[PDB]
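The data block below is entry.txt; it holds compact mmCIF, C-alpha atoms.
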```
# COMPACT_ATOMS: atom_id res chain seq x y z
CA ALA Q 2 -11.46 3.83 16.80
CA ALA Q 3 -12.24 5.40 13.41
CA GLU Q 4 -12.20 9.16 13.81
CA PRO Q 5 -12.29 11.51 10.77
CA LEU Q 6 -8.90 11.25 9.11
CA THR Q 7 -7.11 13.53 6.65
CA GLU Q 8 -8.04 14.09 2.99
CA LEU Q 9 -5.84 11.26 1.67
CA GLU Q 10 -6.74 8.94 4.55
CA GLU Q 11 -10.50 9.27 4.17
CA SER Q 12 -10.19 8.06 0.57
CA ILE Q 13 -8.67 4.73 1.62
CA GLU Q 14 -10.88 4.58 4.73
CA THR Q 15 -13.93 4.61 2.45
CA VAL Q 16 -12.77 1.21 1.18
CA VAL Q 17 -12.03 -0.01 4.70
CA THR Q 18 -15.60 0.71 5.82
CA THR Q 19 -16.98 -1.48 3.03
CA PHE Q 20 -14.34 -4.13 3.70
CA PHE Q 21 -15.19 -4.24 7.41
CA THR Q 22 -18.91 -4.34 6.58
CA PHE Q 23 -18.67 -7.63 4.69
CA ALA Q 24 -15.92 -8.86 7.03
CA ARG Q 25 -18.09 -8.70 10.16
CA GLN Q 26 -20.91 -10.29 8.16
CA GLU Q 27 -19.68 -13.79 8.99
CA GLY Q 28 -17.14 -15.64 11.10
CA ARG Q 29 -13.61 -14.25 11.40
CA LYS Q 30 -14.57 -10.56 11.20
CA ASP Q 31 -10.94 -9.67 10.53
CA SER Q 32 -11.09 -10.29 6.80
CA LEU Q 33 -13.40 -11.59 4.06
CA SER Q 34 -14.16 -15.24 3.31
CA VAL Q 35 -14.60 -17.13 0.03
CA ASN Q 36 -18.40 -16.92 0.31
CA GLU Q 37 -18.33 -13.15 0.66
CA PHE Q 38 -15.89 -12.98 -2.24
CA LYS Q 39 -18.23 -15.00 -4.45
CA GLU Q 40 -21.23 -12.83 -3.58
CA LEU Q 41 -19.21 -9.63 -3.89
CA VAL Q 42 -18.03 -10.41 -7.42
CA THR Q 43 -21.36 -11.57 -8.87
CA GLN Q 44 -23.70 -9.33 -6.84
CA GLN Q 45 -21.64 -6.17 -6.27
CA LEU Q 46 -19.06 -6.30 -9.08
CA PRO Q 47 -21.09 -7.22 -12.29
CA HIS Q 48 -20.52 -3.64 -13.41
CA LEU Q 49 -16.93 -3.52 -12.20
CA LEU Q 50 -15.65 -6.87 -13.43
CA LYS Q 51 -16.44 -8.30 -16.86
CA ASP Q 52 -16.38 -11.79 -15.36
CA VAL Q 53 -18.56 -12.87 -12.46
CA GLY Q 54 -18.46 -16.58 -13.15
CA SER Q 55 -14.77 -17.44 -13.22
CA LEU Q 56 -14.08 -15.86 -9.83
CA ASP Q 57 -11.99 -18.94 -9.00
CA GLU Q 58 -8.86 -17.60 -10.72
CA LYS Q 59 -9.26 -14.15 -9.17
CA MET Q 60 -9.90 -15.71 -5.77
CA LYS Q 61 -6.96 -18.10 -6.09
CA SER Q 62 -4.72 -15.15 -6.97
CA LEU Q 63 -5.44 -13.76 -3.50
CA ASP Q 64 -5.60 -17.20 -1.88
CA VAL Q 65 -2.04 -17.98 -3.06
CA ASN Q 66 -0.79 -19.73 0.13
CA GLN Q 67 -4.19 -21.45 0.48
CA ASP Q 68 -5.20 -18.78 2.96
CA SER Q 69 -8.82 -18.77 1.77
CA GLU Q 70 -9.03 -15.49 3.65
CA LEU Q 71 -9.06 -12.05 2.05
CA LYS Q 72 -6.78 -10.45 4.63
CA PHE Q 73 -4.49 -7.41 4.42
CA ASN Q 74 -1.79 -7.26 1.72
CA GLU Q 75 -3.28 -10.25 -0.11
CA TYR Q 76 -6.64 -8.53 -0.60
CA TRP Q 77 -4.70 -5.50 -1.83
CA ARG Q 78 -3.77 -7.59 -4.86
CA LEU Q 79 -7.41 -7.43 -5.98
CA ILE Q 80 -7.91 -3.84 -4.82
CA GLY Q 81 -5.07 -2.82 -7.11
CA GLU Q 82 -6.95 -4.43 -9.97
CA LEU Q 83 -10.29 -2.92 -9.00
CA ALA Q 84 -8.98 0.63 -8.60
CA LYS Q 85 -7.25 0.14 -11.94
CA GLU Q 86 -10.15 -1.45 -13.83
CA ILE Q 87 -12.53 1.30 -12.70
CA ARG Q 88 -10.38 3.67 -14.73
CA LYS Q 89 -8.64 1.58 -17.41
CA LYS Q 90 -11.41 -1.02 -17.95
CA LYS Q 91 -11.90 -0.02 -21.57
CA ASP Q 92 -11.67 3.74 -21.16
CA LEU Q 93 -8.63 3.74 -23.45
CA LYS Q 94 -11.08 5.27 -25.89
CA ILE Q 95 -14.32 5.58 -23.88
CA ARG Q 96 -16.03 3.67 -21.05
CA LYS Q 97 -16.86 5.91 -18.10
CA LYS Q 98 -19.77 7.61 -19.82
CA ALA R 2 -18.60 10.95 -16.64
CA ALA R 3 -18.38 9.29 -13.24
CA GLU R 4 -22.00 8.22 -12.85
CA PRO R 5 -23.28 6.77 -9.52
CA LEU R 6 -21.46 3.46 -9.19
CA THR R 7 -22.16 0.39 -7.05
CA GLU R 8 -21.27 -0.05 -3.36
CA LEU R 9 -18.01 -1.75 -4.37
CA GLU R 10 -17.19 0.85 -7.03
CA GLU R 11 -18.02 3.99 -5.04
CA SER R 12 -15.44 2.94 -2.45
CA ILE R 13 -12.63 3.02 -5.01
CA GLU R 14 -14.26 5.98 -6.77
CA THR R 15 -13.55 8.15 -3.74
CA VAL R 16 -9.87 7.41 -4.33
CA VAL R 17 -10.18 8.28 -8.01
CA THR R 18 -11.97 11.60 -7.37
CA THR R 19 -9.35 12.67 -4.82
CA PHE R 20 -6.60 11.52 -7.18
CA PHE R 21 -7.98 13.47 -10.15
CA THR R 22 -8.07 16.52 -7.88
CA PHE R 23 -4.27 16.53 -7.71
CA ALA R 24 -3.86 15.14 -11.23
CA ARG R 25 -5.52 18.21 -12.75
CA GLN R 26 -3.51 20.52 -10.48
CA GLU R 27 -0.34 20.50 -12.57
CA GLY R 28 0.21 19.76 -16.23
CA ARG R 29 -0.97 16.47 -17.73
CA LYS R 30 -4.30 15.91 -15.97
CA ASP R 31 -3.79 12.15 -15.69
CA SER R 32 -0.91 11.49 -13.33
CA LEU R 33 0.61 13.16 -10.27
CA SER R 34 4.00 14.86 -10.52
CA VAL R 35 6.91 14.91 -8.07
CA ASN R 36 5.58 18.21 -6.75
CA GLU R 37 2.20 16.76 -5.84
CA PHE R 38 3.95 13.67 -4.48
CA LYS R 39 6.00 15.70 -1.99
CA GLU R 40 3.09 18.06 -1.29
CA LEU R 41 0.91 15.08 -0.43
CA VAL R 42 3.46 13.19 1.67
CA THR R 43 4.55 16.23 3.72
CA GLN R 44 1.02 17.59 4.25
CA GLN R 45 -1.84 15.25 3.38
CA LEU R 46 -0.02 12.14 4.59
CA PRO R 47 1.77 13.09 7.91
CA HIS R 48 -0.74 11.01 9.85
CA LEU R 49 -0.75 8.28 7.21
CA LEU R 50 2.95 7.84 6.48
CA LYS R 51 5.44 7.48 9.33
CA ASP R 52 7.98 9.27 7.14
CA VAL R 53 7.41 12.59 5.40
CA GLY R 54 11.06 13.34 4.72
CA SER R 55 12.30 10.60 2.46
CA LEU R 56 10.30 10.27 -0.75
CA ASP R 57 12.87 9.64 -3.47
CA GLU R 58 13.18 5.98 -2.48
CA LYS R 59 9.43 5.38 -2.29
CA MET R 60 8.73 7.32 -5.49
CA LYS R 61 11.36 5.48 -7.55
CA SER R 62 9.81 2.26 -6.26
CA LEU R 63 6.59 3.23 -8.03
CA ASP R 64 7.66 4.38 -11.47
CA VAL R 65 10.82 2.27 -11.74
CA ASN R 66 10.74 3.15 -15.44
CA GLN R 67 11.57 6.77 -14.54
CA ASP R 68 8.27 8.39 -15.48
CA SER R 69 7.83 10.97 -12.71
CA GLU R 70 4.15 10.49 -13.40
CA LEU R 71 2.22 8.65 -10.72
CA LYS R 72 -0.36 7.07 -13.02
CA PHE R 73 -2.40 3.85 -12.92
CA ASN R 74 -0.57 0.71 -11.72
CA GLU R 75 2.56 2.75 -11.00
CA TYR R 76 0.87 4.67 -8.18
CA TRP R 77 -0.94 1.47 -7.17
CA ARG R 78 2.23 0.33 -5.41
CA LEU R 79 1.88 3.24 -2.99
CA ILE R 80 -1.92 2.99 -2.81
CA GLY R 81 -1.54 -0.57 -1.57
CA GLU R 82 0.83 0.45 1.20
CA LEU R 83 -1.47 3.34 2.10
CA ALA R 84 -4.47 1.02 2.31
CA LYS R 85 -2.29 -1.30 4.36
CA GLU R 86 -1.03 1.29 6.84
CA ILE R 87 -4.64 2.23 7.56
CA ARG R 88 -4.89 -1.27 9.04
CA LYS R 89 -1.35 -2.12 10.20
CA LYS R 90 0.39 1.28 10.56
CA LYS R 91 1.28 0.37 14.13
CA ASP R 92 -2.02 -0.98 15.42
CA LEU R 93 -0.26 -4.09 16.70
CA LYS R 94 -1.35 -2.84 20.11
CA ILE R 95 -3.14 0.48 19.53
CA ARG R 96 -3.02 3.23 16.91
CA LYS R 97 -6.58 4.11 15.94
CA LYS R 98 -7.87 5.39 19.26
CA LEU D 5 -4.43 -11.44 35.49
CA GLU D 6 -4.65 -12.25 31.79
CA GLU D 7 -7.13 -10.69 29.35
CA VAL D 8 -7.03 -13.85 27.24
CA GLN D 9 -6.14 -17.20 28.79
CA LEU D 10 -4.59 -19.37 26.09
CA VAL D 11 -4.84 -22.92 27.41
CA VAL D 12 -3.60 -25.69 25.16
CA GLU D 13 -4.26 -29.40 25.74
CA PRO D 14 -0.55 -30.32 25.24
CA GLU D 15 1.14 -27.91 27.69
CA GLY D 16 4.43 -28.55 25.90
CA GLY D 17 3.46 -26.75 22.73
CA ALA D 18 5.08 -29.11 20.26
CA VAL D 19 3.70 -32.46 19.13
CA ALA D 20 4.54 -35.33 16.80
CA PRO D 21 3.38 -35.53 13.13
CA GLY D 22 -0.34 -36.23 13.18
CA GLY D 23 -0.80 -35.09 16.76
CA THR D 24 -3.94 -33.41 18.07
CA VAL D 25 -3.67 -29.93 19.58
CA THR D 26 -6.70 -28.29 21.14
CA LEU D 27 -6.58 -24.52 21.52
CA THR D 28 -8.75 -23.31 24.40
CA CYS D 29 -8.95 -19.57 24.93
CA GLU D 30 -10.98 -18.49 27.94
CA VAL D 31 -11.30 -15.24 29.85
CA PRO D 32 -10.97 -15.42 33.67
CA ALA D 33 -12.22 -11.84 33.97
CA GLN D 34 -15.09 -11.44 31.53
CA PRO D 35 -17.57 -13.77 29.72
CA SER D 36 -16.24 -15.49 26.60
CA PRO D 37 -16.66 -12.96 23.75
CA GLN D 38 -15.79 -12.97 20.04
CA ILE D 39 -12.54 -14.92 19.83
CA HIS D 40 -10.67 -14.33 16.58
CA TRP D 41 -8.37 -17.19 15.62
CA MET D 42 -5.05 -15.76 14.54
CA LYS D 43 -1.92 -17.73 13.76
CA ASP D 44 1.40 -15.99 13.17
CA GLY D 45 2.51 -17.76 10.03
CA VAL D 46 -0.36 -18.51 7.67
CA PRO D 47 -3.55 -17.68 9.64
CA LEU D 48 -6.52 -19.97 9.08
CA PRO D 49 -10.06 -18.62 8.38
CA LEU D 50 -11.54 -20.55 11.30
CA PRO D 51 -14.86 -19.37 12.81
CA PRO D 52 -14.75 -17.71 16.29
CA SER D 53 -14.70 -20.64 18.70
CA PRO D 54 -13.44 -20.89 22.32
CA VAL D 55 -12.10 -24.42 21.79
CA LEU D 56 -10.32 -25.04 18.49
CA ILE D 57 -9.66 -28.72 17.89
CA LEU D 58 -6.81 -29.32 15.47
CA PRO D 59 -6.32 -33.09 15.11
CA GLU D 60 -3.60 -34.70 13.00
CA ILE D 61 -1.54 -31.52 12.73
CA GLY D 62 0.65 -31.54 9.64
CA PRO D 63 3.79 -29.59 8.59
CA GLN D 64 1.71 -26.70 7.21
CA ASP D 65 -0.61 -26.57 10.22
CA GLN D 66 2.26 -25.45 12.46
CA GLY D 67 2.43 -21.85 13.64
CA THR D 68 2.23 -19.44 16.54
CA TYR D 69 -1.41 -19.46 17.71
CA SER D 70 -3.05 -16.38 19.21
CA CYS D 71 -6.66 -15.62 20.17
CA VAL D 72 -7.89 -12.08 19.67
CA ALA D 73 -10.81 -11.90 22.08
CA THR D 74 -13.01 -8.85 21.58
CA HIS D 75 -13.82 -7.74 25.13
CA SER D 76 -15.97 -4.80 26.18
CA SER D 77 -13.01 -2.59 27.09
CA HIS D 78 -10.19 -4.41 25.32
CA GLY D 79 -11.48 -4.89 21.78
CA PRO D 80 -8.71 -6.34 19.56
CA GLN D 81 -6.81 -7.92 22.44
CA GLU D 82 -4.23 -10.42 21.23
CA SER D 83 -2.72 -13.08 23.49
CA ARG D 84 0.61 -14.86 23.89
CA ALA D 85 1.55 -16.47 20.60
CA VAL D 86 2.20 -20.12 21.43
CA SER D 87 4.62 -21.83 19.04
CA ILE D 88 2.51 -24.86 18.11
CA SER D 89 4.92 -26.93 16.05
CA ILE D 90 5.95 -30.49 15.26
CA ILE D 91 8.98 -32.24 16.72
CA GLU D 92 10.61 -35.66 16.52
CA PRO D 93 8.63 -38.72 17.76
CA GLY D 94 8.07 -38.11 21.45
CA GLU D 95 5.92 -36.32 24.00
CA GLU D 96 6.35 -33.00 25.81
CA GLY D 97 5.81 -33.48 29.51
CA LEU B 5 14.85 14.07 -29.76
CA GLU B 6 15.89 15.49 -26.40
CA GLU B 7 12.78 16.15 -24.31
CA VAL B 8 14.91 17.24 -21.36
CA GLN B 9 18.29 18.79 -22.13
CA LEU B 10 20.21 18.54 -18.86
CA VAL B 11 23.48 20.39 -19.34
CA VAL B 12 25.91 20.63 -16.46
CA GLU B 13 28.74 23.17 -16.60
CA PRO B 14 31.42 20.70 -15.33
CA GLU B 15 30.81 17.94 -17.88
CA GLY B 16 33.11 15.75 -15.81
CA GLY B 17 30.25 15.15 -13.41
CA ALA B 18 32.58 14.59 -10.48
CA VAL B 19 34.01 17.66 -8.76
CA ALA B 20 36.19 18.61 -5.81
CA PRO B 21 34.94 19.65 -2.32
CA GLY B 22 33.45 23.11 -2.67
CA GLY B 23 33.01 22.90 -6.43
CA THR B 24 30.39 24.89 -8.31
CA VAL B 25 28.06 22.89 -10.53
CA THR B 26 25.49 24.68 -12.66
CA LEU B 27 22.52 22.52 -13.62
CA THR B 28 20.82 23.75 -16.78
CA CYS B 29 17.65 21.92 -17.78
CA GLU B 30 15.83 23.23 -20.84
CA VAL B 31 14.31 21.92 -24.06
CA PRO B 32 15.85 22.46 -27.54
CA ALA B 33 12.56 21.36 -29.08
CA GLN B 34 9.79 22.95 -27.02
CA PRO B 35 9.87 26.13 -24.84
CA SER B 36 11.23 25.79 -21.29
CA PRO B 37 8.21 24.96 -19.07
CA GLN B 38 7.88 24.25 -15.34
CA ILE B 39 11.07 22.34 -14.62
CA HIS B 40 10.89 20.63 -11.24
CA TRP B 41 14.14 19.54 -9.61
CA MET B 42 14.58 15.92 -8.63
CA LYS B 43 17.64 14.37 -7.03
CA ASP B 44 17.92 10.85 -5.69
CA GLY B 45 19.17 10.66 -2.14
CA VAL B 46 17.10 13.50 -0.70
CA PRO B 47 16.19 16.18 -3.30
CA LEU B 48 16.88 19.89 -2.80
CA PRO B 49 13.85 22.02 -1.84
CA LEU B 50 14.36 24.71 -4.47
CA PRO B 51 11.83 26.50 -6.74
CA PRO B 52 11.35 25.25 -10.36
CA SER B 53 14.21 27.02 -12.11
CA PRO B 54 15.77 26.28 -15.54
CA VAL B 55 19.27 27.06 -14.25
CA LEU B 56 20.22 25.74 -10.81
CA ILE B 57 23.52 27.10 -9.54
CA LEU B 58 25.08 25.06 -6.74
CA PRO B 59 28.31 26.75 -5.61
CA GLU B 60 30.62 25.35 -2.91
CA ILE B 61 29.09 21.86 -3.13
CA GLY B 62 29.60 20.06 0.16
CA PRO B 63 29.82 16.30 0.85
CA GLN B 64 26.09 16.33 1.63
CA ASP B 65 25.22 18.09 -1.64
CA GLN B 66 25.96 15.01 -3.76
CA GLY B 67 23.35 13.07 -5.69
CA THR B 68 21.95 12.23 -9.10
CA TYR B 69 20.40 15.29 -10.74
CA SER B 70 17.29 14.94 -12.87
CA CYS B 71 14.90 17.52 -14.32
CA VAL B 72 11.17 16.85 -14.23
CA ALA B 73 9.78 19.24 -16.82
CA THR B 74 6.05 19.41 -17.51
CA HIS B 75 5.71 19.00 -21.28
CA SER B 76 2.66 20.13 -23.26
CA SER B 77 2.44 17.13 -25.58
CA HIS B 78 3.56 14.69 -22.90
CA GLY B 79 3.83 15.50 -19.21
CA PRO B 80 6.26 15.99 -16.29
CA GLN B 81 8.99 13.56 -17.31
CA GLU B 82 12.36 12.96 -15.66
CA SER B 83 15.80 12.74 -17.28
CA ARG B 84 19.18 11.01 -17.02
CA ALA B 85 20.23 11.06 -13.38
CA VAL B 86 23.72 12.58 -13.51
CA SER B 87 25.66 11.45 -10.45
CA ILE B 88 27.20 14.67 -9.16
CA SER B 89 29.75 13.34 -6.70
CA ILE B 90 32.89 14.62 -5.01
CA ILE B 91 36.20 12.95 -5.81
CA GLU B 92 39.86 13.52 -4.96
CA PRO B 93 41.25 17.10 -5.18
CA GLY B 94 41.45 17.74 -8.90
CA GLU B 95 39.60 18.96 -11.98
CA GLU B 96 37.58 16.92 -14.47
CA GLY B 97 37.33 18.62 -17.84
```
As structure tokens:
Amino acid sequence: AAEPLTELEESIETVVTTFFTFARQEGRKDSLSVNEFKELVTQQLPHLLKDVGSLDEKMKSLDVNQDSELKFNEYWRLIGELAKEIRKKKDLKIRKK
Amino acid sequence: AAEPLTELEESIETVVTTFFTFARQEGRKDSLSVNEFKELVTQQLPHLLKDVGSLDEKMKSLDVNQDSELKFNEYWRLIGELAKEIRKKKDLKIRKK
Amino acid sequence: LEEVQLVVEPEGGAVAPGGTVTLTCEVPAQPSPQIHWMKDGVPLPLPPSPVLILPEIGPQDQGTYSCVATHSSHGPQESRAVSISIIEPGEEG
Amino acid sequence: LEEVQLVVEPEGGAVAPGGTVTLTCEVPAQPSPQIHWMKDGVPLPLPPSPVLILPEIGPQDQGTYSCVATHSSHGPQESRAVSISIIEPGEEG
């Protein structure tokens, strides 16, 4: 069901493992819920995101159609920000020290 | 340097480390070139992408500004599809056996 | 035999504005496992329940309902997507 | 300043069936580096060469030619995609 993939597939799989971990944590183990999102931002992303209080806007950006579910494609919207912020947070001069 | 990050940062870090590996392969250790793009698609992504032949259409969909440098945000467009295929490549019945 | 038996209260499938549609997904082969509520066309984050009661269905509540029951052998087993929608004032049956 | 000087022998761009188009991609500012060939509509799998000679161009050899040269100050940038296409029997120049 999740056998060792190729070099470029294991990179993305690493994210999937974490995603599935918090997904199966509660009901609807297909995606993440708003509760998990809240906890993830403030408890797991205080170092990643500069804002852990106004998660509403970030959450709504993925909610969009009032899905209230961090499913595929929509959750990618945040992933694209995360994978970008981890590198261009403020490292335009220096950050990843 | 890339110091030990959090559970939600290490996941995306794996993508960054692998990315930098190809970014420092050619000139301009920051973005991937068309060489690396083709080399990845037709070798490191034959199990990931259902198409390893056509790449000019997908590439130009990334850096629509004609950069030929798969950098942050630009390459994110492909990263999102990659992270999507790992979940909906064709698993509408069975793919990840 | 069916891996996932999607039994709806209104056998018709379509109801009137404000109608109540109960989605009952049972398994006539194995004990009721983790049933994932999936709806083709804006899926709702509803908790795994065998009987989903959706009363007073509105225009946005419409959609093709499917129950992904995680069996022992058949893990992510989807069912027949039933087009639960709203029609003009009337009853199907 | 021209970072990528793409000079084609037949400046007309469009040629006749079986025409010979020489693609020269160099830099009049910095020394000629690793010039990768890029062509929309399926690129040609040829080694990074400053002068690409394509004789007897067939109907399937058409496409926009661009040179992705790895610059020292900048990086591997593209260029103006010259649409090398085949037209009616005649010469353009």
(request) Name all residues at most 12 Å from residue 6 (chain Q) (count only C-alpha atoms; drop same-chain ones fewer than 3 positions away) and give them as a PyMOL selection string. (result) (chain Q and resi 2-3+9-15) or (chain R and resi 45-49+87+97-98)
(message) Tell me as a list in words which residues belonging to chain R come within 9 Å of chain B, counting only C-alpha atoms.
(response) residues 27, 28, 29, 30, 32, 33, 34, 35, 36, 54, 55, 56, 57, 58, 61, 67, 68, 69 and 70 of chain R
(request) Give me the RMSD in Å over all C-alpha atoms, paired in order, after least-squares superposition of chain D onto chain B. (result) 0.6 Å
(message) What's the separation between CA of residue 90 (chain B) and CA of residue 70 (chain B), in Å to one decimal place?
(response) 17.5 Å
(message) Under the rule that all atoms listed in the file are counted, which of D:49, D:54, D:35, D:21 is the nearest residue to residue 7 (chain D)?
(response)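 Closest to residue 7 (chain D), using all atoms listed in the file: D:35.
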Please list as a short mmCIF file (atom, residue, chain, number, x, y, z; two decimals) with C-alpha atoms, in the coordinates of the input every residue within 6 Å of residue 23 (chain D), counting only C-alpha atoms and excluding residues in the same chain fewer than 4 positions away.
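Writing the result to part-v1.cif gives the following:
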```
data_model
loop_
_atom_site.label_atom_id
_atom_site.label_comp_id
_atom_site.auth_asym_id
_atom_site.auth_seq_id
_atom_site.Cartn_x
_atom_site.Cartn_y
_atom_site.Cartn_z
CA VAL D 19 3.70 -32.46 19.13
CA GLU D 60 -3.60 -34.70 13.00
CA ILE D 61 -1.54 -31.52 12.73
#
```
